[PDB]
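Colleague: A single structure is presented below for examination.
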Amino acid sequence: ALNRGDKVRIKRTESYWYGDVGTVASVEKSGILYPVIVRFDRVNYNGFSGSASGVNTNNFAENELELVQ
Amino acid sequence: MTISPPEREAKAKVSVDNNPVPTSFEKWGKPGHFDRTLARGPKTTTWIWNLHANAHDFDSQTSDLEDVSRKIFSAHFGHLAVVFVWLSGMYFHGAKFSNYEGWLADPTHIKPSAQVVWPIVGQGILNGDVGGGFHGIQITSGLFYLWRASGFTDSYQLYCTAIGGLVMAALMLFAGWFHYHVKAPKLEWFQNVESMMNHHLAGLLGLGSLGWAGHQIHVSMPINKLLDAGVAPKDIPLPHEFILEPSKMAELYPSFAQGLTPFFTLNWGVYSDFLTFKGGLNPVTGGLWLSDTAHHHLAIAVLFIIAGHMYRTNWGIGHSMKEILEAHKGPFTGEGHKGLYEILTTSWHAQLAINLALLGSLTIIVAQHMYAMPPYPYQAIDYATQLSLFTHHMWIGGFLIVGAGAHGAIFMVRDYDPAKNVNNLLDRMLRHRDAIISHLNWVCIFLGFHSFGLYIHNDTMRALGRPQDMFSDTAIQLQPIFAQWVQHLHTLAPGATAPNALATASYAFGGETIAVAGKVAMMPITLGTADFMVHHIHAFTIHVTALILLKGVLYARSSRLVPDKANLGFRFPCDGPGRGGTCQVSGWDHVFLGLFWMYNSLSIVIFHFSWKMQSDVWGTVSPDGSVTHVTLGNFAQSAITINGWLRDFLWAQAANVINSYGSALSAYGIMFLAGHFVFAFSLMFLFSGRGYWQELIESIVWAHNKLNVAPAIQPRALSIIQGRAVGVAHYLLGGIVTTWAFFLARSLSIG
Amino acid sequence: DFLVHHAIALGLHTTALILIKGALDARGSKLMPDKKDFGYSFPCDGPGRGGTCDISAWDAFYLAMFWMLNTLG
Amino acid sequence: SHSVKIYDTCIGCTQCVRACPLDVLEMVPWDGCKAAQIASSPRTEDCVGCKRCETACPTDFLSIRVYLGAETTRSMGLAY
Amino acid sequence: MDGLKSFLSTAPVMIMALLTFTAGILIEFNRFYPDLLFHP
Amino acid sequence: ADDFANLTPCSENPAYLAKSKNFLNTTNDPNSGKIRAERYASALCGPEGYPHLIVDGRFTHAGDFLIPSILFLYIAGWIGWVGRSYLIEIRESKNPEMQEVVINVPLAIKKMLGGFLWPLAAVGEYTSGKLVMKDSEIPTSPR
Amino acid sequence: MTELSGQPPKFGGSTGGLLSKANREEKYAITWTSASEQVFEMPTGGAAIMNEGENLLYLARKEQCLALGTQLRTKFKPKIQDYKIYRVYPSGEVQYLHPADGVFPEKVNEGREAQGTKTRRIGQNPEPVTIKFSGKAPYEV
Amino acid sequence: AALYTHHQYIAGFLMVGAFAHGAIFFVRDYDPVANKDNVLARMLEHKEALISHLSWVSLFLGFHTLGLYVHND
Ligand code: CLA
Ligand code: CLA
Ligand code: CLA
Ligand code: CLA
Ligand code: CLA
Ligand code: CLA
Ligand code: CLA
Ligand SMILES: CCCCCCCCCCCCCCCC(=O)OC[C@H](COP(=O)(O)OC[C@@H](O)CO)OC(=O)CCCCCCCCCCCCCCC
Ligand SMILES: CC1=C(/C=C/C(C)=C/C=C/C(C)=C\C=C\C=C(C)\C=C\C=C(C)\C=C\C2=C[C@@H](C)[C@H](O)CC2(C)C)C(C)(C)C[C@@H](O)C1
Ligand SMILES: CC1=C(/C=C/C(C)=C/C=C/C(C)=C/C=C/C=C(C)/C=C/C=C(C)/C=C/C2=C(C)CCCC2(C)C)C(C)(C)CCC1
Ligand SMILES: CC1=C(C/C=C(\C)CCC[C@H](C)CCC[C@H](C)CCCC(C)C)C(=O)c2ccccc2C1=O
Ligand code: SF4
Ligand code: SF4
Ligand SMILES: [Cl-]
């Protein structure tokens, strides 16, 4: 149901971006658990100590994204 | 393309690239440009810190050894320009905001000052009355004493010197820009270590002391000869008059009547009236005889110029250092110094480790030699200058030594090539690091037990009403008999093993009590049980600092715990909570711990200096001849217990610092409390960890998102390494500022 | 008495802050969303995700003990 | 010995195994992700718990989790 | 050039300029009207 | 009536008078101490002779806290509001982090110069829904 | 596991190698072939020389062997990827360890059975109160 | 003096322990479905606000008390 460019809010709870908003980059094919790829303006904590920034993309399932746009 | 001079090489090994880096301002507005992991810009606040953390890490910016060398050379020029700005600032404040001429006219009834404070919000009280109607801050840097020994008599000469210093700073800055951007020398040029050593020996150190011997003979010596004779500074001719009118020199020094002929005919003895070997001190000023220092600089110059001829360059004569090194190998040490020439000619960090170690050791030697052989007129009587200079040079030396540890570790991680170190000294050091470190560990345990433990024994015995069971000069004695024997040897030397010397090299070893005005400048510094105990404290703390930093270097590549530590780098926080926990295994963390231990060592050294000089050396002398010391000889009985140091040293002498309110010393009480606060503040960073703070920041970021005020550059807690760096920086700053305020209030309030 | 009472207020509020924030984040934060799976006390969670020293609620107790002593002082 | 678990958010990027300095983990066939692979931990008896794997993980909160457990000579990283 | 203006508008230069200006403000105010513990 | 009996006017307090005849000169003005004595002789002093500030809210001592409080609050709200406004304005500029690190001097000065109306601006943003955000739209951690 | 072969690296000795654990408890072996006699870094400190042909080296831990292996396959111009790591007991038993199935673990290989896999998310672990007074932890159930 | 100091130190230890065990409760015993929407869970639900306002009042008190003290100094 999601498409590239959709603004979605994260609902995974344990995810760094729960309550934050990202944009859909691609949707993977069926048979996969987490097909929806989302990009974020705010990087997460990912990285060894002292690394400049973090990871800004993650895979989710449709039940974990809430369409905002 | 900028300015294009001709060429400037004269069959020289000079080789440069013309205009490799054009002059431009764009990257000034692109912060972090030098780091690829930074150039795109920030996303979190960590980006800011690393920008400062890696600014001078030229290795991590480029893998080209030549470009690193060029950056280093121009940075050195910039640093010299900074030092020139600072020194010319000192001379300018001496010219325009000091009482230098007034002090010069009567240096026994006026306190040197060279900083006037503007009257605002009450701080004008810091302009204490230093004598002669002058009001300002009393300086302890010894600038006045240096300027008097050099022969300054006027504000205008100091002003001309400040202007020359500014011009020199401009010249250094232009040279740095020129050799990075216009004519950058090649890597082949920097690696000319033989020629560089010839020039730094014969040219930088040799000609330096030669020119200074010239100035001392022609300017310092006659002018000070007249100053100490009671001649008013205005009645003394200007420095150039002794060179225009050689009869002035000849009547101050009859040998000048014979001129330069005795010099070229090896008839040097004729010069015995101004090239002297008196020893001792000047009776009028309490400082070393300037004639002695001129003869000293002449001999040092001859020595260094001769030394500047050992190494081969363009003429076949001389030595290859590679050959010498390779020839020194023995049955105990494999291939010996093979590979050292390649290390020290391709690794900047190896050279910097050597040079930091030696330069710090030298700065310490400078403190130790200048206190007991006071080189400047009226410095020994100024106990504040004496204490301040000793402690300042101590701290500088300690920091340089710890840096030497840091850069030995960086060499091990970044430049050590195992294929270039097969069975040489470095390799064998690595191959028995365990023996080395386990033994250093045990020596530190033994030295701590049998130094500090002696103090604990004494404290416990004295508290138990058992003075006869203590280690003291009046009970169980620990006499430092070897130091006493060498002191006796020095005292006998002027008459036996130093015939052509009239006095001792230093009265601390023994002999007369040199006093200028009513205060002692120097007198025999006797050594007993308390001195034994504190010397072993010094050996202990130095050994522990060495243990930490040497372990840091020798295990930077690997350990039984972490066999791939090299891949982790020189600076990194740990390798996780596994293996039981691996925090602080890096060489950087060994430097971080060695900083605290160096601070410990030097704090004890300088406390020892202050208390021993106040108790047994410094003081006022009656016209009857007897001496009465600042703290009434309390060292021997009080310095043998921790309670004695807590009560008779710290508690007693802190009375000046804490009562400084309402006087010109008030700022010292302010900064005493300031150092205390910074010390306490450092404990937050040292006793905690970044996870807690990152979660607290999460809550605060929620607060900001609530009002739509959260920054794009996301706040992150400091990194583990940075938490440690901030903690140790604040620990050292606070503790050192505390001791500084304490020392200055004390030594300024004790006559 | 006024100034020292505000010092006491600062000390009480700061110790409460450390303790309450440790308790509320004991089950999880954005740095450790699964912290309840690791227990009340544990060394850390390693140098990853920026570094995670003193991340547990036990660590919050340990940090607040210093402020307790300071307030009592 | 420490425990190492691999949850179904794994994208199979193999950085788990590439980071392990003690060969605890493996890439085994799977179907949950595009890469048709998942990380496995058949040799946790050699795990020391350095946490390099999780430091390497890209997924939003890790797909590999190391929970330190009963300490042995191997897990304490002892060469003696 | 644009590089020099961008460098002059960086956070450290800008914050030190603001701090110097505010320091001058407060210093001169307390020079011409010192010792204001409260409002008369 | 007999309120604040533990204190006396500084002009009444003799210890204050003795110490105020010796008030130092804080600047170059040789009358700074005398002006200070005259000025502080209006507050309420204690047995030691120093002024004591009454901040319980009475307007007879409004100059002891209320007026500086109002002044500070105006200035601090100004600073925070113009900073937040610039921070908002950067967000629409593709790369906001750069303008957070390399300040847009013209834009930032435009924002600073318009801060004297920050109370009305904040009231308008409150009513319009611009100031505060909703809970369900703000990232939070697991509970 | 039959009998380990290969020359020991040319090395003058060090204090950083095997201790009592090697004979009382366990030690580790790594073999590898080199196309040339060449210098490498010992994980226990210093430089050693590997022989042309087969090489056999004993170390105290598995981690030191894997560190040497990464050095072999990532720090030599033609790589050395044929290294094998074994565990050795005082009884003489030799336990082949690495690469476990003849294929490096970083790349998928058929025949491997998933271990420690969970069919859930980390966030889908059960509440600890639901499993208290049992022996398990939320990641063990 | 000794009694007052003694009892206040004991009380400080007790308070720190009470908060430590509140944290341990959240780690070990808290059932979110049984306390669903009650006062406990609701405290957990705005923990960001609680921690943030505690931080704010801490900063308030610290800045201003240290400021008054240092001004007086
Ligand atoms: C106005 C003259 C000028 C111009 C425009 C440039 C231009 C440039 N230089 Mg150059 N350079 C100059 C003078 C100049 N330089 C001087 C005088 C020196 C001798 C120190 C050098 C030595 C030098 C080196 C070694 C390097 C450059 C580099 C660069 C490039 C990056 C600069 C940067 O990172 O941002 C600007 C950064 C700053 C302005 C630093 C801030 C000032 C510091 C923090 C303190 C001031 C120290 C100062 C140099 C001396 C003190 C002055 C004294 C009065 C107290 C850039 C194109 C770097 C490069 O090539 O990048 C790859 C490089 O590594 N320069
Ligand atoms: C007699 C020749 C000579 C002299 C005097 C020096 C002196 C110096 N060198 Mg250099 N060097 C030389 C030859 C010489 N070098 C040669 C032949 C090479 C090629 C192998 C090098 C390559 C070299 C490198 C790579 C570096 C130095 C550096 C330095 C400086 C660091 C030490 C210092 O700060 O001391 C004290 C400082 C002073 C006394 C300040 C004075 C400096 C001025 C410019 C010297 C003017 C003297 C000049 C001969 C005029 C005297 C004539 C008349 C006035 C009496 C220093 C000023 C380091 C440096 O700092 O780079 C800038 C550096 O990294 N040297
Ligand atoms: C860099 C330091 C320095 C500087 C620049 C000066 C500068 C000066 N000195 Mg001085 N001096 C110095 C160091 C220095 N000196 C030291 C270290 C000493 C201690 C030995 C002295 C002791 C000294 C004395 C006693 C005198 C001076 C004098 C002078 C002035 C005239 C000398 C001259 O240059 O004429 C030029 C020199 C010559 C033309 C020399 C030629 C004469 C002989 C015969 C040539 C032999 C050279 C030959 C190669 C050697 C072979 C000899 C052998 C075959 C027999 C001059 C301004 C004179 C003066 O004016 O007093 C105020 C003087 O009387 N100086
Ligand atoms: C000639 C001496 C010398 C030289 C040139 C170098 C060169 C270098 N060092 Mg080394 N080092 C030295 C001495 C020296 N060091 C000393 C004396 C010590 C002991 C403290 C060390 C310990 C050391 C460590 C631990 C590290 C280095 C690192 C580095 C590299 C990065 C420089 C940097 O950090 O950038 C930028 C510099 C800063 C951000 C400094 C700012 C913080 C300072 C300490 C604040 C000082 C406060 C001030 C003095 C007083 C308070 C004022 C305040 C109230 C306003 C660089 C190549 C780093 C590296 O990774 O090497 C590759 C690193 O890890 N050095
Ligand atoms: C006063 C505080 C203190 C004390 C007591 C110590 C103690 C010690 N440190 Mg340490 N250190 C401290 C602060 C302190 N540290 C801090 C704040 C830091 C942070 C930077 C460090 C970081 C540090 C490092 C990195 C290292 C040390 C090292 C050492 C040991 C040096 C060897 C030695 O002295 O042997 C002898 C022990 C003593 C003198 C301690 C006193 C013993 C008393 C006098 C006698 C005991 C009486 C008896 C046993 C009582 C028994 C009672 C009965 C009921 C059982 C030593 C045990 C070095 C080391 O381990 O060297 C091998 C080491 O590398 N320290
Ligand atoms: C952090 C708390 C704090 C607070 C409450 C104060 C408060 C005060 N301090 Mg102190 N101080 C502090 C910390 C603090 N200080 C610290 C940490 C130190 C150590 C460095 C000092 C050291 C210190 C000294 C040495 C002195 C003071 C002085 C003063 C008093 C001067 C007030 C003044 O300048 O008049 C009012 C000033 C202004 C109105 C100018 C402010 C600039 C404004 C914004 C100009 C712009 C006008 C703008 C348009 C607004 C106009 C109204 C508008 C609505 C139309 C004041 C009561 C001075 C004093 O006289 O003590 C009684 C004094 O000499 N302080
Ligand atoms: C004198 C020591 C000291 C100081 C000053 C602090 C400071 C602080 N701690 Mg800390 N702490 C300490 C020791 C100290 N700690 C120790 C030993 C531990 C045990 C490890 C802890 C553990 C700890 C924890 C766990 C927490 C704190 C918290 C806090 C903050 C409380 C709020 C506050 O007071 O607001 C005001 C701030 C201050 C009074 C300190 C700043 C003072 C400076 C002078 C302000 C002026 C800025 C200055 C001019 C900057 C320019 C510098 C320039 C010269 C280079 C505060 C910043 C709590 C917190 O973060 O609250 C939100 C918190 O959670 N502390
Ligand atoms: C107060 C001093 C008086 C008390 C005496 C204390 C005796 C201390 C032991 C004597 C020194 C032994 C080192 C020289 C002995 C010496 O160098 O022999 C020579 C031998 C190497 O000789 P080679 O023939 O290999 O020389 C070839 C060279 O060119 C190098 O390649 O050195 C070694 O074998 C390395 C072993 C050093 C390990 C010993 C060091 C132990 C540390 C403690 C030393 C304390 C000294 C404190 C004095 C400041
Ligand atoms: C507008 C603004 C913002 C935000 C503003 C917000 C959202 C503010 C929110 C405030 C809230 C939610 C609550 C505030 C409560 C305030 C209280 C309870 C004040 C109590 C004060 C009392 C009781 C004072 C009493 C005394 C009265 C004077 C009554 C006496 O003599 C002294 C004394 C101390 C007794 C930013 C942060 C976005 C930007 C800033 O620039 C300003
Ligand atoms: C004044 C007065 C009065 C009043 C009083 C009052 C009203 C009060 C009360 C008070 C109070 C009211 C107090 C309190 C305090 C509190 C506290 C101190 C707390 C706590 C808690 C803790 C510590 C813990 C917690 C937890 C957690 C953390 C989690 C889980 C759960 C729990 C619970 C465990 C009267 C009139 C009567 C009389 C007169 C006087
Ligand atoms: C308090 C603390 C923090 C929080 C500290 C932070 C986030 C730093 C805050 C610094 C502010 C943002 C800058 C203030 C200091 C400036 C550098 C001074 C500049 C002054 C000029 C404007 C004149 C950690 O991140 C941390 C990490 C690891 C171990 C211990 C600790 C730790 O104790
Ligand atoms: S506590 Fe910090 S430094 Fe130590 S292992 Fe854990 S993360 Fe690393
Ligand atoms: S553990 Fe994580 S990072 Fe490693 S391969 Fe599996 S999904 Fe990728
Ligand atoms: Cl005693």
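Residue numbering restarts at 1 in every chain; chains get A, B, ... in the order shown in the structure tokens, and ligands count up from 1 in that same order.
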Quick check: residues of chain H within 12 Å of chain G, only C-alpha atoms, returned as a list in words.
Modeller: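 Using only C-alpha atoms, chain H residues at most 12 Å from chain G: residues 24, 25, 26, 27, 28, 29, 30, 31, 32, 33 and 34 of chain H.
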Colleague: Limited to N, CA and C atoms, could you put the picked residues into a file as a short mmCIF file (atom, residue, chain, number, x, y, z; two decimals), in the first residue's frame?
Modeller:
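Once written, again.cif looks like this:
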```
data_model
loop_
_atom_site.label_atom_id
_atom_site.label_comp_id
_atom_site.auth_asym_id
_atom_site.auth_seq_id
_atom_site.Cartn_x
_atom_site.Cartn_y
_atom_site.Cartn_z
N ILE H 24 14.66 -1.38 40.66
CA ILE H 24 14.71 -2.84 40.59
C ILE H 24 13.32 -3.42 40.38
N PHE H 25 12.30 -2.81 40.98
CA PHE H 25 10.92 -3.21 40.71
C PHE H 25 10.60 -3.10 39.23
N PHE H 26 10.84 -1.93 38.65
CA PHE H 26 10.58 -1.77 37.22
C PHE H 26 11.35 -2.79 36.38
N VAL H 27 12.56 -3.17 36.83
CA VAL H 27 13.35 -4.13 36.06
C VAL H 27 12.77 -5.54 36.17
N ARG H 28 12.32 -5.93 37.36
CA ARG H 28 12.02 -7.33 37.65
C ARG H 28 10.54 -7.66 37.79
N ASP H 29 9.72 -6.75 38.33
CA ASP H 29 8.37 -7.11 38.74
C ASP H 29 7.25 -6.41 37.98
N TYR H 30 7.53 -5.33 37.26
CA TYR H 30 6.47 -4.52 36.67
C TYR H 30 5.73 -5.30 35.59
N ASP H 31 4.40 -5.35 35.70
CA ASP H 31 3.54 -5.96 34.70
C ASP H 31 2.77 -4.86 33.99
N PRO H 32 3.09 -4.56 32.73
CA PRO H 32 2.42 -3.44 32.06
C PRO H 32 0.96 -3.70 31.72
N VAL H 33 0.53 -4.96 31.61
CA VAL H 33 -0.86 -5.21 31.25
C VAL H 33 -1.77 -5.14 32.48
N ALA H 34 -1.25 -5.46 33.67
CA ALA H 34 -2.08 -5.38 34.87
C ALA H 34 -2.20 -3.95 35.37
#
```
Colleague: Where in chain F does DSSP assign helix (DSSP H, G or I), given as a PyMOL selection string?
Modeller: chain F and resi 14-20+32-40+59-64+66-91+96-101+105-113+115-128+135-137
Colleague: Include C-alpha atoms and write out the residues we just selected as a PDB file, in the first residue's frame.
Modeller:
```pdb
ATOM      1  CA  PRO F  14      25.318  52.758  62.856  1.00  0.00           C
ATOM      2  CA  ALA F  15      27.537  49.878  61.724  1.00  0.00           C
ATOM      3  CA  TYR F  16      26.436  50.566  58.157  1.00  0.00           C
ATOM      4  CA  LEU F  17      27.250  54.257  58.653  1.00  0.00           C
ATOM      5  CA  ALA F  18      30.725  53.487  60.000  1.00  0.00           C
ATOM      6  CA  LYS F  19      31.453  51.092  57.132  1.00  0.00           C
ATOM      7  CA  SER F  20      29.922  53.398  54.503  1.00  0.00           C
ATOM      8  CA  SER F  32      32.054  56.045  43.799  1.00  0.00           C
ATOM      9  CA  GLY F  33      32.245  54.994  47.448  1.00  0.00           C
ATOM     10  CA  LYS F  34      30.299  58.062  48.574  1.00  0.00           C
ATOM     11  CA  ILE F  35      27.641  57.522  45.895  1.00  0.00           C
ATOM     12  CA  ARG F  36      27.439  53.876  46.978  1.00  0.00           C
ATOM     13  CA  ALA F  37      26.945  54.897  50.611  1.00  0.00           C
ATOM     14  CA  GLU F  38      24.203  57.376  49.709  1.00  0.00           C
ATOM     15  CA  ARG F  39      22.517  54.850  47.407  1.00  0.00           C
ATOM     16  CA  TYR F  40      22.550  51.885  49.801  1.00  0.00           C
ATOM     17  CA  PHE F  59       6.279  46.861  45.962  1.00  0.00           C
ATOM     18  CA  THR F  60       8.111  49.003  48.517  1.00  0.00           C
ATOM     19  CA  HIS F  61      11.016  46.641  47.733  1.00  0.00           C
ATOM     20  CA  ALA F  62      10.038  46.119  44.085  1.00  0.00           C
ATOM     21  CA  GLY F  63      13.507  47.297  43.056  1.00  0.00           C
ATOM     22  CA  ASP F  64      15.105  44.463  45.024  1.00  0.00           C
ATOM     23  CA  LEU F  66      10.689  42.522  40.709  1.00  0.00           C
ATOM     24  CA  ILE F  67      12.182  45.103  38.323  1.00  0.00           C
ATOM     25  CA  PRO F  68      15.384  43.140  37.551  1.00  0.00           C
ATOM     26  CA  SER F  69      13.226  40.017  37.214  1.00  0.00           C
ATOM     27  CA  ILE F  70      11.013  41.697  34.602  1.00  0.00           C
ATOM     28  CA  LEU F  71      14.084  43.003  32.779  1.00  0.00           C
ATOM     29  CA  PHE F  72      15.874  39.644  32.702  1.00  0.00           C
ATOM     30  CA  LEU F  73      12.715  37.867  31.586  1.00  0.00           C
ATOM     31  CA  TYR F  74      12.150  40.268  28.693  1.00  0.00           C
ATOM     32  CA  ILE F  75      15.753  39.835  27.545  1.00  0.00           C
ATOM     33  CA  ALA F  76      15.838  36.048  27.981  1.00  0.00           C
ATOM     34  CA  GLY F  77      12.525  35.503  26.221  1.00  0.00           C
ATOM     35  CA  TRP F  78      13.867  37.727  23.444  1.00  0.00           C
ATOM     36  CA  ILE F  79      17.041  35.653  23.051  1.00  0.00           C
ATOM     37  CA  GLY F  80      15.227  32.324  23.168  1.00  0.00           C
ATOM     38  CA  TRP F  81      12.469  33.409  20.803  1.00  0.00           C
ATOM     39  CA  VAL F  82      14.761  34.808  18.118  1.00  0.00           C
ATOM     40  CA  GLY F  83      16.986  31.732  18.420  1.00  0.00           C
ATOM     41  CA  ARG F  84      14.033  29.362  18.056  1.00  0.00           C
ATOM     42  CA  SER F  85      12.725  31.413  15.129  1.00  0.00           C
ATOM     43  CA  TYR F  86      16.046  31.242  13.288  1.00  0.00           C
ATOM     44  CA  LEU F  87      16.193  27.515  14.092  1.00  0.00           C
ATOM     45  CA  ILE F  88      12.751  27.025  12.523  1.00  0.00           C
ATOM     46  CA  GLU F  89      13.650  29.102   9.462  1.00  0.00           C
ATOM     47  CA  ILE F  90      16.777  27.039   8.783  1.00  0.00           C
ATOM     48  CA  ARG F  91      14.762  23.813   8.502  1.00  0.00           C
ATOM     49  CA  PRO F  96      19.908  23.131   7.966  1.00  0.00           C
ATOM     50  CA  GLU F  97      22.920  21.746   9.844  1.00  0.00           C
ATOM     51  CA  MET F  98      25.310  23.947   7.853  1.00  0.00           C
ATOM     52  CA  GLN F  99      23.436  27.131   8.724  1.00  0.00           C
ATOM     53  CA  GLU F 100      23.392  25.901  12.318  1.00  0.00           C
ATOM     54  CA  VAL F 101      27.200  25.669  12.126  1.00  0.00           C
ATOM     55  CA  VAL F 105      24.234  36.490   9.216  1.00  0.00           C
ATOM     56  CA  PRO F 106      21.587  38.472   7.243  1.00  0.00           C
ATOM     57  CA  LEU F 107      18.759  36.095   8.172  1.00  0.00           C
ATOM     58  CA  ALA F 108      19.903  35.805  11.793  1.00  0.00           C
ATOM     59  CA  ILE F 109      20.116  39.596  12.123  1.00  0.00           C
ATOM     60  CA  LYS F 110      16.656  39.935  10.565  1.00  0.00           C
ATOM     61  CA  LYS F 111      15.364  37.514  13.207  1.00  0.00           C
ATOM     62  CA  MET F 112      17.214  39.209  16.083  1.00  0.00           C
ATOM     63  CA  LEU F 113      15.945  42.692  15.202  1.00  0.00           C
ATOM     64  CA  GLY F 115      12.480  40.054  18.904  1.00  0.00           C
ATOM     65  CA  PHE F 116      11.075  42.994  20.863  1.00  0.00           C
ATOM     66  CA  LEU F 117       7.571  41.637  20.113  1.00  0.00           C
ATOM     67  CA  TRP F 118       8.182  38.112  21.393  1.00  0.00           C
ATOM     68  CA  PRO F 119       5.383  38.046  24.036  1.00  0.00           C
ATOM     69  CA  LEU F 120       2.698  38.755  21.435  1.00  0.00           C
ATOM     70  CA  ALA F 121       4.519  36.464  18.995  1.00  0.00           C
ATOM     71  CA  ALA F 122       4.481  33.639  21.539  1.00  0.00           C
ATOM     72  CA  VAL F 123       0.815  34.253  22.371  1.00  0.00           C
ATOM     73  CA  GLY F 124      -0.018  34.113  18.669  1.00  0.00           C
ATOM     74  CA  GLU F 125       1.974  30.923  18.155  1.00  0.00           C
ATOM     75  CA  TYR F 126       0.187  29.435  21.173  1.00  0.00           C
ATOM     76  CA  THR F 127      -3.263  30.282  19.827  1.00  0.00           C
ATOM     77  CA  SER F 128      -2.347  29.357  16.244  1.00  0.00           C
ATOM     78  CA  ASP F 135       2.432  14.212  22.057  1.00  0.00           C
ATOM     79  CA  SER F 136       1.555  11.553  19.462  1.00  0.00           C
ATOM     80  CA  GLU F 137       3.817  13.361  16.948  1.00  0.00           C
TER      81      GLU F 137
END
```
Colleague: Could I get the residue neighbourhood of ligand 8 at 9 Å, counting only C-alpha atoms and all ligand atoms, as a VMD selection string?
Modeller: chain B and resid 325 to 338 424 to 425 436 439 to 440
Colleague: Could you write those residues out with C-alpha atoms, as a PDB file, in the first residue's frame?
Modeller:
```pdb
ATOM      1  CA  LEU B 325      73.984   2.869  14.410  1.00  0.00           C
ATOM      2  CA  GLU B 326      74.483  -0.348  12.436  1.00  0.00           C
ATOM      3  CA  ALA B 327      77.920  -0.869  13.989  1.00  0.00           C
ATOM      4  CA  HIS B 328      76.501  -0.931  17.555  1.00  0.00           C
ATOM      5  CA  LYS B 329      75.257  -4.483  18.127  1.00  0.00           C
ATOM      6  CA  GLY B 330      76.256  -7.031  20.735  1.00  0.00           C
ATOM      7  CA  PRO B 331      75.882 -10.598  21.993  1.00  0.00           C
ATOM      8  CA  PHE B 332      72.924  -9.513  24.148  1.00  0.00           C
ATOM      9  CA  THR B 333      70.930  -7.464  21.614  1.00  0.00           C
ATOM     10  CA  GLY B 334      70.794  -9.159  18.213  1.00  0.00           C
ATOM     11  CA  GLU B 335      71.095  -6.707  15.324  1.00  0.00           C
ATOM     12  CA  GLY B 336      71.300  -3.692  17.632  1.00  0.00           C
ATOM     13  CA  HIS B 337      70.448  -0.276  16.238  1.00  0.00           C
ATOM     14  CA  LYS B 338      69.815  -1.540  12.701  1.00  0.00           C
ATOM     15  CA  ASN B 424      66.690  -5.196  16.418  1.00  0.00           C
ATOM     16  CA  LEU B 425      66.443  -3.325  19.722  1.00  0.00           C
ATOM     17  CA  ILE B 436      60.236  -5.393  31.554  1.00  0.00           C
ATOM     18  CA  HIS B 439      59.718  -5.994  36.957  1.00  0.00           C
ATOM     19  CA  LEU B 440      58.819  -2.296  36.747  1.00  0.00           C
TER      20      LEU B 440
END
```
Colleague: Can you work out which residues from chain D touch chain C at a cut-off of 8 Å (counting only C-alpha atoms) and hand them back as a count of residues only?
Modeller: 7
